[PDB]
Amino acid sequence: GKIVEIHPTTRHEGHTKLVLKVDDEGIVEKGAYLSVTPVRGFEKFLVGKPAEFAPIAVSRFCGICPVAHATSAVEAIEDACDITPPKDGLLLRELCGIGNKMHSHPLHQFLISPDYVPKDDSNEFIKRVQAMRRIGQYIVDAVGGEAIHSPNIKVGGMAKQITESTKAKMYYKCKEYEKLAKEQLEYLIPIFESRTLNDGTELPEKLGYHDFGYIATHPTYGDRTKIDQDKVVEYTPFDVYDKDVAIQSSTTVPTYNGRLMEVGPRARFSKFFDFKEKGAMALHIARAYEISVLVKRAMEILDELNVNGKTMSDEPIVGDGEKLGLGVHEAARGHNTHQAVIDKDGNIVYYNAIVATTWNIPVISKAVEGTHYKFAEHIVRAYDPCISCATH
């Protein structure tokens, strides 16, 4: 019968707090994971601003996944204005998203390496991570114009064509990345499967179990037709936390058919690759296997791409001031949603974002229950939470 508060949690992005009610043996009885980051309030300040500013602004949700928000932003505005991006722009947009995730998953494995990677292997492990991230960031730089906040992701497609030279360079680097991925996967999967931390502590078998479903519209990009957004309702922290904790939470509470949902690699691997494992370790494992899926798709996109095909649509950014445009994207951390209303002048009338980690925060709160509070952060990190992302 004690309250355990861990604050801030560490080795994820952003500023959160774990508020736990534990029993006399330390087992979490009631869990609360919550963002306490200030709300910069992008959705609100975007009202009154031109549509072209939306991908630029929302990129600054997060410097780890900026591509995911620019992509969801333009997909929302394109849906609002019935703009079709051309075939090769859409290929380059998905490539740029994949490049971001190709840096994010290794980065996360780098953040959890203090718990899972033996000290003696740390330097070689981090070198491999940074080599993989170097390639993923090169793809975002080349196609998006900048690795961290890509101005080439625009309403209408992608701003700039690459050259056959650049295309061939990204293909070569993807092949190398694939080799590093095979090395990384063969090393980490046995560790995750051992359920043992690098100090030898064994993790509970039921670590991070929960009863919630998953949302994933696509394995590598996004598909607004695979979700009924009318069934998505955002509730308040008071609906999931105690009053004293709810008033500290900075995020909304996304539900689907009134239910919390998990997003991210395991949700994707569940929907598309018949991955059925529950628990926190399965999250790390799905994320690890997803690195291979991404680089395979990136090369596939490059084989498909016509570097001379048009990448920007010629259609103007003209809305009717009513349609709630939907833009979904499978961010590194999960199903990421932007919505926008656009008027005839292309200005933003209404803007909304339901970010991947916004879904997972209330899931994490439940997932940490039933095991010792000493394992709670390890469950948190399995979800690769991004809190500036979730808060925006």
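The first residue of the sequence shown is number 1, and the count goes up from there.
Higher mean CA temperature factor between 244-252 and 295-303: 295-303, per the PDB entry. Looking at mean Cα B-factors across 148-156 and 199-207, the upper value is held by 199-207. The residue among 112, 233, 174, 263 whose C-alpha atom has the highest B-factor in the PDB entry is 174. In this PDB entry, residue 72 carries a Cα temperature factor that places it within the lowest third of its chain's modelled residues. Residue 212 sits in the lowest third of its chain by CA B factor, as recorded in the PDB entry. Ranked within its chain, residue 279 lands in the middle third, by CA B factor from the PDB record. The PDB entry assigns residue 169 a C-alpha temperature factor belonging to the highest third of its chain's modelled residues. Annotation for residue 24: CA B-factor lies in the highest third of the chain's modelled residues.
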